[PDB]
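> Below is a structure I'd like to ask you about.
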Amino acid sequence: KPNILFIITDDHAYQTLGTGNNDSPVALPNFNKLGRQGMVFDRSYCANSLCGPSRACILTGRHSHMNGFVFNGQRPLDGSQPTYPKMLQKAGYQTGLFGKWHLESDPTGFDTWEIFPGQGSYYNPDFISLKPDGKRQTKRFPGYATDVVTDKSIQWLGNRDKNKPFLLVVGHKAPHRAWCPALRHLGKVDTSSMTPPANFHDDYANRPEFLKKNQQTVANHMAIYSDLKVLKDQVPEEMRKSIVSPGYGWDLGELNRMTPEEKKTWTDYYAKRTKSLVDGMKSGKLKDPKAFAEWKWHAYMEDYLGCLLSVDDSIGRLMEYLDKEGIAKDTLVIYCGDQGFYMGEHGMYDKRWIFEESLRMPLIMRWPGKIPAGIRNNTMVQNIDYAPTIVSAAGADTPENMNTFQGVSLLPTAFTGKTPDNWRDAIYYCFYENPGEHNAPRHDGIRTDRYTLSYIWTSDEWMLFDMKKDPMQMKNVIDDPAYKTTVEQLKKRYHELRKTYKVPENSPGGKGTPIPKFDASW
Ligand SMILES: CC(=O)N[C@@H]1[C@@H](O)[C@H](O)[C@@H](CO)O[C@H]1O
Ligand SMILES: [Ca+2]
């Protein structure tokens, strides 16, 4: 019975996973090692690109409509339903959880837990925990969230009953907005040699009309002072009106959480960027909106990647303990980001879309002896598969537990690095957060090996992208006659998957419908 160390970041883009020569914009040595000692799944996707929905999928091995948590709303997750933590706890595991939970309800199946209230805070984080009395308390811990989460995790591991296999879930806030790096990492990231993606200035042509209404563009939807860290006090009052997108001028909340010592180190560094902005404005260069948008991009890249430096550190402190305790051969290590992120592709940030960047989520596994070390796996895997995989690896895959899952165990492919003969030809995706922050439409679809077919419910628009001929998904080929029969093929496959996954009709629902509520079912 192996231990299970499960590390889950918030908004980690696979473009920056750090496993190889093509996903390392910043060098992440410990990310690369875990790659070298294990398996990366380059074809790893989620079922709903949002933090709360994806966490519920991982937990239940079931799609959003089946597990009930379909968006980041104030409706708590049904913690009474079957979850792999509770399954493992029933198979003798000791269970622990530290950091981002974000499912509202008290975590079930976990002997220990201390989670952030909501998104959490990078600097001087608050934690919530039941007392031995079991009444929720809230305590603040000094330090940087990525460090403190690792601190608590490792401590919990050494205080563990070493005769029971453990489940430890390590949920980081990084790399999540507003992308505040640790003080020791300020300046360590140099983007001035980086070039925005080919479609940074995307005009949205040959894509559904609704995409022009998205509010997750680097150029028009970033808080200049909060996201991009600019200092208002050092910007001429005359200039503030020309640097702030309308409604996007709010302050950086983390500053209120820093101590004076901390607060100064931060402003001391970020006066450079603030000056760099003022220089590009008075010189006129930053007044061309396309230039301003690229400048925005570079700051965004600096701070996002900067955050990954302490994640990388976290990965190192956790992997070191495993080795010094001599249990790496008896520990399944799963790393993932709850879903992916736009690193400027289509001039966008965040997730929520069926487009490849946010439909993917980075997946890495290390099980020495069991999982071929150094393999990149191209099998199509989804976040609804994790729970059946954790349970199998735990010998708790009774027919009872396994039946509650819609995902497929990944051990066969994890053990060989290749696609088994009978593998799914397509996954199903569905996003429900409209109306919602960032104005993503309610939409769903399937992802096949070659294609992406999505129906946008909010705007009543279909879209097909041919990945073999268009991996940047810039030309909607639905309504191209060459793909006529393909659309027919796919549309049937689409409706078949909806029927197999027991998707309700009129879900996720178009503009005339409320965001659906579901009771958990299995
Ligand atoms: C201002 C801000 O932080 N906005 C973020 C948003 O971008 C993100 O999508 C959401 C949860 O993912 O949390 C919001 O708070
Ligand atoms: Ca997330």
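How things are named: the first chain in the structure tokens is A, the next is B, and so on; residues count from 1 in each chain; ligands count from 1 in the order shown.
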Within 7 Å of ligand 2, counting only C-alpha atoms and all ligand atoms: which residues, as a ChimeraX atom specification?

/A:10-11,50-51,338-339

> Give me the residues within 8 Å of residue 244 (chain A) as a ChimeraX atom specification, counting only C-alpha atoms and dropping any in the same chain fewer than 5 places off.

/A:223-224,249

> Could you turn the residues from that selection into a file that holds N, CA and C atoms, as a PDB file, in the first residue's frame?


```pdb
ATOM      1  N   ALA A 223      -5.655  44.676 -13.685  1.00  0.00           N
ATOM      2  CA  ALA A 223      -5.520  45.812 -12.786  1.00  0.00           C
ATOM      3  C   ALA A 223      -4.072  46.300 -12.827  1.00  0.00           C
ATOM      4  N   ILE A 224      -3.861  47.533 -13.292  1.00  0.00           N
ATOM      5  CA  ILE A 224      -2.496  48.009 -13.530  1.00  0.00           C
ATOM      6  C   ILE A 224      -1.694  48.035 -12.233  1.00  0.00           C
ATOM      7  N   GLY A 249      -8.727  49.780 -11.516  1.00  0.00           N
ATOM      8  CA  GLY A 249      -7.688  50.522 -10.836  1.00  0.00           C
ATOM      9  C   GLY A 249      -7.545  50.184  -9.366  1.00  0.00           C
TER      10      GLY A 249
END
```

> Counting only C-alpha atoms, figure out which residue out of A:153, A:24, A:422, A:193 gets nearest to residue 115 (chain A).

A:153

> If the limit is 7 Å from any atom of ligand 1, counting only C-alpha atoms and all ligand atoms, which residues qualify? Return them as a list in words.

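Protein and nucleic-acid residues within 7 Å of ligand 1: residues 50, 51, 119, 177, 178, 350, 437 and 438 of chain A.
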
> Of the candidates A:210, A:423, A:457, A:335, which shows the shortest atom-to-atom distance to residue 19 (chain A), using only C-alpha atoms?

A:335

> Select, from A:67, A:21, A:379, A:217, the residue with the minimum atom-to-atom distance to residue 404 (chain A), counting only C-alpha atoms.

A:67

> How many Å lie between CA of residue 59 (chain A) and CA of residue 331 (chain A), rounded to one decimal?

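That distance, rounded to one decimal, is 19.1 Å.
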
> List the neighbours of residue 518 (chain A) out to 9 Å using only C-alpha atoms; skip same-chain residues closer than 4 positions along the sequence, and give me the result as a VMD selection string.

chain A and resid 64 to 70

> Region 212-440 of chain A: which residues are alpha helix (DSSP H) by DSSP, as a ChimeraX atom specification?

/A:237-243,254-257,260-282,289-324,356-359,386-393,399-403,411-416

> To one decimal place, how far is CA of residue 381 (chain A) from CA of residue 408 (chain A) in Å?

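Computing it gives 8.5 Å between the two atoms.
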
> Could you state the separation of CA of residue 475 (chain A) and CA of residue 347 (chain A) in Å, given to one decimal place?

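CA of residue 475 (chain A) sits 15.8 Å away from CA of residue 347 (chain A).
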
> Hey, what's within 10 Å of region 505-508 of chain A if we count only C-alpha atoms and toss same-chain stuff fewer than 6 positions away? As a list in words, please?

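These residues fall inside the cut-off: residues 65, 70, 430, 431, 432, 433, 434, 442, 443, 444, 456, 457, 458, 498, 499, 514, 515 and 516 of chain A.
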
> If you keep C-alpha atoms, can you produce a file of those selected residues as a PDB file, in the first residue's frame?


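Just written: part_35.pdb:
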```pdb
ATOM      1  CA  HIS A  65     -23.047  17.897 -13.227  1.00  0.00           C
ATOM      2  CA  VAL A  70     -20.294  23.435 -11.359  1.00  0.00           C
ATOM      3  CA  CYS A 430     -18.470  21.737 -19.949  1.00  0.00           C
ATOM      4  CA  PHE A 431     -18.173  25.221 -18.368  1.00  0.00           C
ATOM      5  CA  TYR A 432     -21.168  26.780 -16.515  1.00  0.00           C
ATOM      6  CA  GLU A 433     -19.893  30.163 -15.165  1.00  0.00           C
ATOM      7  CA  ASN A 434     -21.963  32.647 -17.251  1.00  0.00           C
ATOM      8  CA  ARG A 442     -21.474  28.563 -20.968  1.00  0.00           C
ATOM      9  CA  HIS A 443     -20.292  25.988 -23.500  1.00  0.00           C
ATOM     10  CA  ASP A 444     -19.356  22.359 -23.846  1.00  0.00           C
ATOM     11  CA  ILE A 456     -21.292  27.785 -27.215  1.00  0.00           C
ATOM     12  CA  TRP A 457     -24.631  27.823 -25.385  1.00  0.00           C
ATOM     13  CA  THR A 458     -24.622  31.456 -24.318  1.00  0.00           C
ATOM     14  CA  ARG A 498     -23.373  13.601 -23.383  1.00  0.00           C
ATOM     15  CA  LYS A 499     -25.636  10.514 -23.159  1.00  0.00           C
ATOM     16  CA  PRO A 514     -30.062  30.143 -14.622  1.00  0.00           C
ATOM     17  CA  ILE A 515     -26.715  28.526 -13.828  1.00  0.00           C
ATOM     18  CA  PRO A 516     -27.864  24.974 -13.019  1.00  0.00           C
TER      19      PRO A 516
END
```

> Need to verify the contact set: residue 400 (chain A), 12 Å, only C-alpha atoms, exclusion of same-chain residues closer than 4 positions in sequence. Can you return it as a ChimeraX atom specification?

/A:82,87,388,391,396,404-405,522

> Pick out the closest residue to residue 163 (chain A) from this set: A:368, A:189, A:2, A:294. Count only C-alpha atoms.

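Ranked by minimum distance to residue 163 (chain A), first place goes to A:2.
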
> Write out as a list in words the residues lying within 9 Å of residue 156 (chain A), counting only C-alpha atoms and excluding same-chain residues fewer than 5 positions away.

residues 96, 112, 151 and 168 of chain A

> Restricted to N, CA and C atoms, what would the selected residues look like written as a CSV table (one decimal), in the first residue's frame?


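Written file, result.csv:
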```csv
chain,number,residue,atom,x,y,z
A,96,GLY,N,-4.4,13.9,5.0
A,96,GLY,CA,-4.0,15.2,5.4
A,96,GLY,C,-4.2,16.1,4.2
A,112,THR,N,-6.7,15.3,9.0
A,112,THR,CA,-6.2,16.6,9.3
A,112,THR,C,-6.5,17.6,8.1
A,151,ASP,N,5.9,24.0,4.8
A,151,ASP,CA,6.2,23.9,6.2
A,151,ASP,C,5.2,23.0,6.9
A,168,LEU,N,-1.4,12.7,1.6
A,168,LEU,CA,-1.2,14.2,1.9
A,168,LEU,C,-1.5,14.9,0.6
```

> Neighbours of residue 447 (chain A) within 6 Å (only C-alpha atoms; same-chain residues fewer than 2 positions away dropped), as JSON, numbers by chain?

{"A": [426, 427, 452]}

> Determine the nearest neighbour of residue 327 (chain A) from the options A:3, A:291, A:415, A:213, counting only C-alpha atoms.

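Among the listed residues, A:3 lies closest to residue 327 (chain A).
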